[PDB]
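Structure first, commentary second.
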Amino acid sequence: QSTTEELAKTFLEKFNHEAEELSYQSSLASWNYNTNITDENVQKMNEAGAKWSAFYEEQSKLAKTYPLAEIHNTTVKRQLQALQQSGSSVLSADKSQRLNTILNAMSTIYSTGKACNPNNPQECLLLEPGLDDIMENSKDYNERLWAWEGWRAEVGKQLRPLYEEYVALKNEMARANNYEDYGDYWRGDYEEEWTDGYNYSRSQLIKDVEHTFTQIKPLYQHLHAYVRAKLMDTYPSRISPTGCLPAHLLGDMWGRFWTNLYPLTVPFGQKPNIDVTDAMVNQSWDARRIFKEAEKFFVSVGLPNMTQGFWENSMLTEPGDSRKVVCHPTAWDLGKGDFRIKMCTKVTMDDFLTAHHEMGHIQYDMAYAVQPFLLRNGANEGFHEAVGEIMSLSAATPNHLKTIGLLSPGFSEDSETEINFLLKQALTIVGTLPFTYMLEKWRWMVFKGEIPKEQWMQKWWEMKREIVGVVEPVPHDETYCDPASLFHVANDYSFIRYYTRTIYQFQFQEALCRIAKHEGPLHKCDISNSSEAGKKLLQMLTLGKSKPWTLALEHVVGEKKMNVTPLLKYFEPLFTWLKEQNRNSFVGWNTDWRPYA
Amino acid sequence: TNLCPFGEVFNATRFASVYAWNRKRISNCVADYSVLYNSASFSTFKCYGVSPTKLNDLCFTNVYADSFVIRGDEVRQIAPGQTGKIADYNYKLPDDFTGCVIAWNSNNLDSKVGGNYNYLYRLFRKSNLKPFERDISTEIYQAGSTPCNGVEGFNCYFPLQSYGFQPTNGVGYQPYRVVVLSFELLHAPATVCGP
Ligand SMILES: [Zn+2]
């Protein structure tokens with residue numbers, strides 16, 4: 001007779017040539033909605049999405065009729081494993097509907113909640129753009145404090161019981177899916193089997209993330225102490241010299257990034273950063289010119305050119321005629337080929353760099369398109385964005401701004417222009433690693449059970465003060481659900497993808513620089529005009545999820561584990577400068593300090 | 001003199017699905033294939049056995065023109081000694097294929113907004129095909145041992161799947177009209193010879 005693999009291959013050949021069309025239809029519907037917001041477009045998009053989801057659920061149910069123990073070929077085993085994931089199709093219809101309505105309630109109460117302070121009952125604004133502008137631009141203590149506490153009190157207190165019931169239902173779902181809890185379910189994306197030598201357990205990810213964080217602790221401690229020293233200028237009587245940093249004074253609502261904190265701690269305030277905006281408008285550059293330059297940069301390293309359909313179906317410019325387009329920079333893989341970008345491009349430098357990021361997303365998408373449908377994705381949750389980020393890294397180099405003709409050849413990179421750029425980079429890159437690690441660790445410990453529901457806020461600020469070096473401005477009791485104030489926690493999104501990604505990119509770039517024979521510090525590296533590094537990256541990009549992410553990572557960087565040495569080497573000049581200017585200051589944070597007393 | 005009906009195969013209005021590819025036999029002609037080879041209206045033009053030359057030197061018995069439509073990345077499957085869905089279950093070319101394959105993008109005529117699903121291909125089969133064999137039988141492909149009773153069910157799939165041709169459709173999955181010419185030569189007065 002036949003085997004299980006001979007039947008599973010037949011079942012997956014019928015699933016692919018249906019999922020192809022049924023996902024391309026939904027993608028075309030969502031694209032037509034995003035490029036032109038109407039009322040009937042929403043109806044068409046919902047119809048296509050419902051059809052695709054129903055078909056996918058039916059095929060997922062049909063797939064589990066084959067056990068993986070009787071399957072030996074790993075190329076079919078991985079597709080079967082990706083299709084067998086039932087999600088929430090295992091609970092009873094009652095609980096499967098209760099969880100979905102709880103998710104919808106949590107996701108719609110986050111986008112609708114507002115916050116208003118005393119002294120102005122009419123000053124009652126949403127998170128965006130009301131509280132967003134406040135937490136992103138303001139420099140007043142009380143103005144940031146009231147917005148922070150309002151967004152966490154009039155929105156998180158309404159999410160706490162929903163989050164408790166959601167945690168319970170998700171734990172039930174995960175236990176029914178043969179897991180420990182929902183955190184184990186989330187770590188399941190890093191789980192690796194069916195390959196000896198490159199196997200990776202779901203518990204190994206915790207050890208790796210906890211080990212690579214102990215290495216960044218000195219660099220992050222120096223950066224945090226430098227920021228705290230340069231923040232006592234803008235806040236003379238609001239920050240302790242040996243304590244930690246208040247959570248509402250970090251440049252955004254939660255303190256995820258420290259980028260908006262740049263024009264407060266910049267090393268040399270008299271030297272201007274290399275912004276090419278005026279040089280771009282003076283050269284009559286338009287959006288199509290920006291994307292043609294990005295295509296030039298990508299072809300310079302050996303990656304193929306954008307298809308013709310990219311240059312006629314992508315919304316590179318804003319319509320601005322009658323269509324209320326929601327244009328957030330996003331790269332689109334519309335199923336059968338059809339790679340597009342829906343960015344509202346302007347003539348500036350930020351849209352010059354962010355176009356390279358989206359084009360790198362498109363390049364990663366175009367690479368693994370040769371894989372089977374179920375294997376068309378990144379190796380894990382942190383590869384796509386890493387490929388996207390290394391491209392912007394190599395493009396933002398002054399040696400790149402001088403080659404394309406944007407910058408004048410009669411320009412020299414000062415010994416100080418290297419420190420402002422590196423400081424801003426550490427602000428946007430290094431300042432987010434403790435935040436991500438702490439948030440995901442709290443979520444894992446909550447899902448497992450090391451934190452009872454009576455210590456959810458007790459352990460949250462504990463891990464904050466002990467990991468990221470950030471303290472709450474005012475204490476929060478157990479009714480608060482401060483973690484749910486973040487878009488990813490209230491909308492059920494895994495967060496560790498933003499940690500590992502940050503570690504992979506520097507592993508790539510360094511490697512991609514070694515093949516480029518770049519001699520010098522690892523912040524002036526420019527992989528342009530180097531087909532060797534481009535080919536080495538393309539060898540890994542076309543893999544997709546076909547092979548374990550450990551072997552895919554070992555292809556490029558030579559190492560199998562998650563290595564943070566390239567990241568620490570990237571910020572080595574900044575590390576030395578920070579160690580120098582941290583001579584008469586306290587490096588480290590004492591959790592005993594409280595900004596409320 | 002002996003004008004050949006090349007308009008009803010290349011300039012045809014409708015083409016047949018690859019699972020039911022349309023074979024047209026032509027004879028008693030003084031043919032001129034340089035009219036199309038030197039037209040730059042094709043994306044793929046590959047001639048195996050005989051050179052892609054002017055070809056004004058060949059006497060033929062008859063010429064088969066097998067026309068069908070596939071997507072882009074499957075045109076490479078229309079080649080001798082190739083494996084895949086189109087080569088194994090839809091259209092077979094023997095390793096002695098004296099002829100050529102012409103293929104041109106048809107994103108304008110065979111794909112419309114919403115999706116053109118008039119083109120089918122055989123996705124499953126019990127075995128491979130003979131040289132130049134057609135398989136139109138719609139018998140349900142039984143994977144295991146349980147009978148399908150004539151309707152789909154457990155491990156029973158339909159042997160035909162429709163092509164999802166859309167207008168955008170990046171060039172890999174874009175529709176492509178493929179005409180494969182095969183000029184046979186056997187014991188005959190060779191009624192089909194060029195100038
Ligand atoms: Zn991105």
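Letters A, B, ... mark the chains of the structure tokens in the order given; residue numbers begin at 1 per chain; ligand numbers begin at 1, in order shown.
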
Restrict the distance test to only C-alpha atoms, flag each residue of chain A within 12 Å of chain B, and return the flagged residues as a VMD selection string. chain A and resid 1 to 29 31 to 32 44 48 59 62 to 63 65 to 66 306 to 314 333 to 340 366 369 to 370

Which residues are near residue 400 in chain A? Cut-off 9 Å, only C-alpha atoms, ignore same chain within fewer than 6 positions. Put them as a ChimeraX atom specification. /A:297,394,406-407,526,528

What is the distance, in Å and to one decimal place, between CA of residue 412 in chain A and CA of residue 281 in chain A? 22.0 Å

Can you pull out the residues contacting residue 320 in chain A? Cut-off 12 Å, using only C-alpha atoms, and skip same-chain residues under 4 positions away; I want them as a PyMOL selection string. chain A and resi 35-36+315+324-327+344

To test your reading of the structure, identify every residue in range 119-193 of chain A that backbone DSSP assigns to helix (DSSP H, G or I), and report it as number ranges by chain. A: 127-137, 141-153, 160-176, 182-187

Okay, now the selection with N, CA and C atoms, as a CSV table (one decimal), in the first residue's frame?
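Heads up, here's the output in again_5.csv:
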chain,number,residue,atom,x,y,z
A,127,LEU,N,-5.0,58.4,22.9
A,127,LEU,CA,-3.6,58.1,22.9
A,127,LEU,C,-2.9,58.7,21.7
A,128,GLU,N,-3.5,58.5,20.5
A,128,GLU,CA,-3.0,59.2,19.3
A,128,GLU,C,-4.1,60.1,18.7
A,129,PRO,N,-3.7,61.4,18.4
A,129,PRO,CA,-2.4,61.9,18.5
A,129,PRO,C,-2.2,62.8,19.8
A,130,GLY,N,-3.2,62.7,20.7
A,130,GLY,CA,-3.3,63.5,21.9
A,130,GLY,C,-2.1,63.2,22.8
A,131,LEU,N,-2.2,62.0,23.4
A,131,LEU,CA,-1.1,61.6,24.3
A,131,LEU,C,0.2,61.2,23.6
A,132,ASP,N,0.1,60.8,22.4
A,132,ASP,CA,1.3,60.5,21.6
A,132,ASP,C,2.2,61.7,21.5
A,133,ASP,N,1.6,62.9,21.1
A,133,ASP,CA,2.4,64.1,20.9
A,133,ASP,C,3.0,64.5,22.3
A,134,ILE,N,2.2,64.4,23.3
A,134,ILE,CA,2.7,64.8,24.6
A,134,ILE,C,3.9,63.9,25.0
A,135,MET,N,3.7,62.6,25.0
A,135,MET,CA,4.8,61.8,25.5
A,135,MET,C,6.0,61.8,24.5
A,136,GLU,N,5.8,62.2,23.3
A,136,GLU,CA,6.9,62.2,22.3
A,136,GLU,C,7.7,63.6,22.2
A,137,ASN,N,7.0,64.7,22.5
A,137,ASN,CA,7.6,66.0,22.3
A,137,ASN,C,7.8,66.8,23.6
A,141,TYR,N,7.4,68.1,33.3
A,141,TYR,CA,7.2,66.9,34.1
A,141,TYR,C,5.7,66.5,34.3
A,142,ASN,N,4.9,67.5,34.8
A,142,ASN,CA,3.5,67.2,35.1
A,142,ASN,C,2.7,66.9,33.8
A,143,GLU,N,3.1,67.6,32.7
A,143,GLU,CA,2.4,67.3,31.5
A,143,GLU,C,2.6,65.9,31.0
A,144,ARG,N,3.7,65.3,31.1
A,144,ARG,CA,3.9,63.9,30.8
A,144,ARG,C,3.3,63.0,31.8
A,145,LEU,N,3.4,63.4,33.1
A,145,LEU,CA,2.9,62.5,34.2
A,145,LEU,C,1.4,62.3,34.1
A,146,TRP,N,0.7,63.4,33.9
A,146,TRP,CA,-0.8,63.2,33.8
A,146,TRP,C,-1.2,62.4,32.6
A,147,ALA,N,-0.5,62.6,31.5
A,147,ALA,CA,-0.9,61.8,30.3
A,147,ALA,C,-0.6,60.3,30.6
A,148,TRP,N,0.6,60.0,31.1
A,148,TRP,CA,1.0,58.6,31.4
A,148,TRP,C,0.0,58.0,32.4
A,149,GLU,N,-0.3,58.6,33.5
A,149,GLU,CA,-1.2,58.0,34.5
A,149,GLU,C,-2.6,57.9,34.0
A,150,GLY,N,-3.0,58.9,33.2
A,150,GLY,CA,-4.4,58.8,32.6
A,150,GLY,C,-4.5,57.7,31.6
A,151,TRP,N,-3.6,57.5,30.7
A,151,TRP,CA,-3.7,56.4,29.8
A,151,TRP,C,-3.6,55.1,30.5
A,152,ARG,N,-2.9,55.0,31.6
A,152,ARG,CA,-2.8,53.8,32.3
A,152,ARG,C,-3.9,53.5,33.3
A,153,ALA,N,-4.7,54.6,33.7
A,153,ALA,CA,-5.8,54.4,34.6
A,153,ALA,C,-7.1,54.3,34.0
A,160,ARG,N,-7.8,45.1,32.8
A,160,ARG,CA,-7.3,44.1,33.7
A,160,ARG,C,-8.2,42.9,33.8
A,161,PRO,N,-9.5,43.0,34.0
A,161,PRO,CA,-10.3,41.8,34.1
A,161,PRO,C,-10.4,41.0,32.8
A,162,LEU,N,-10.5,41.8,31.7
A,162,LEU,CA,-10.5,41.2,30.3
A,162,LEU,C,-9.2,40.4,30.1
A,163,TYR,N,-8.1,41.0,30.6
A,163,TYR,CA,-6.8,40.3,30.5
A,163,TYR,C,-6.7,39.1,31.3
A,164,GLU,N,-7.3,39.1,32.5
A,164,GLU,CA,-7.3,37.9,33.4
A,164,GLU,C,-8.1,36.8,32.7
A,165,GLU,N,-9.3,37.1,32.2
A,165,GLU,CA,-10.1,36.1,31.5
A,165,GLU,C,-9.4,35.6,30.3
A,166,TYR,N,-8.7,36.5,29.6
A,166,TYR,CA,-8.0,36.2,28.3
A,166,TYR,C,-6.8,35.3,28.6
A,167,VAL,N,-6.1,35.5,29.7
A,167,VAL,CA,-5.0,34.7,30.1
A,167,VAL,C,-5.5,33.3,30.5
A,168,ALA,N,-6.6,33.2,31.2
A,168,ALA,CA,-7.2,31.9,31.5
A,168,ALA,C,-7.6,31.1,30.3
A,169,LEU,N,-8.3,31.8,29.4
A,169,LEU,CA,-8.7,31.1,28.2
A,169,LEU,C,-7.6,30.7,27.3
A,170,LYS,N,-6.5,31.5,27.2
A,170,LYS,CA,-5.4,31.2,26.4
A,170,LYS,C,-4.6,30.1,27.0
A,171,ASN,N,-4.5,30.0,28.3
A,171,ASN,CA,-3.9,28.9,29.0
A,171,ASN,C,-4.6,27.6,28.7
A,172,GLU,N,-6.0,27.7,28.8
A,172,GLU,CA,-6.8,26.5,28.4
A,172,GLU,C,-6.5,26.0,27.0
A,173,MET,N,-6.5,27.0,26.1
A,173,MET,CA,-6.2,26.7,24.7
A,173,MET,C,-4.9,26.0,24.5
A,174,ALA,N,-3.9,26.6,25.1
A,174,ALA,CA,-2.5,26.0,25.0
A,174,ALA,C,-2.4,24.6,25.6
A,175,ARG,N,-3.0,24.4,26.8
A,175,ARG,CA,-3.0,23.1,27.4
A,175,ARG,C,-3.7,22.1,26.5
A,176,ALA,N,-4.8,22.5,25.9
A,176,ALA,CA,-5.5,21.6,24.9
A,176,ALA,C,-4.7,21.4,23.7
A,182,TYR,N,0.4,29.4,27.6
A,182,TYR,CA,0.4,30.2,26.4
A,182,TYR,C,1.8,30.8,26.1
A,183,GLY,N,2.6,31.1,27.1
A,183,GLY,CA,4.0,31.5,26.9
A,183,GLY,C,4.8,30.4,26.2
A,184,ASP,N,4.6,29.2,26.6
A,184,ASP,CA,5.2,28.1,25.9
A,184,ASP,C,4.7,28.0,24.4
A,185,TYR,N,3.4,28.2,24.2
A,185,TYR,CA,2.9,28.3,22.9
A,185,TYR,C,3.5,29.4,22.0
A,186,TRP,N,3.8,30.5,22.6
A,186,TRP,CA,4.5,31.6,21.9
A,186,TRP,C,5.9,31.2,21.6
A,187,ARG,N,6.6,30.7,22.6
A,187,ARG,CA,8.0,30.2,22.4
A,187,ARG,C,8.1,29.1,21.3

What do you get as a PyMOL selection string if you pick all residues at most 6 Å from ligand 1, counting only C-alpha atoms and all ligand atoms? chain A and resi 358+385+388

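Straight-line separation from CA of residue 331 in chain A to CA of residue 277 in chain A: 23.4 Å.
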
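Take CA of residue 593 in chain A and CA of residue 265 in chain A: the distance between them is 22.3 Å.
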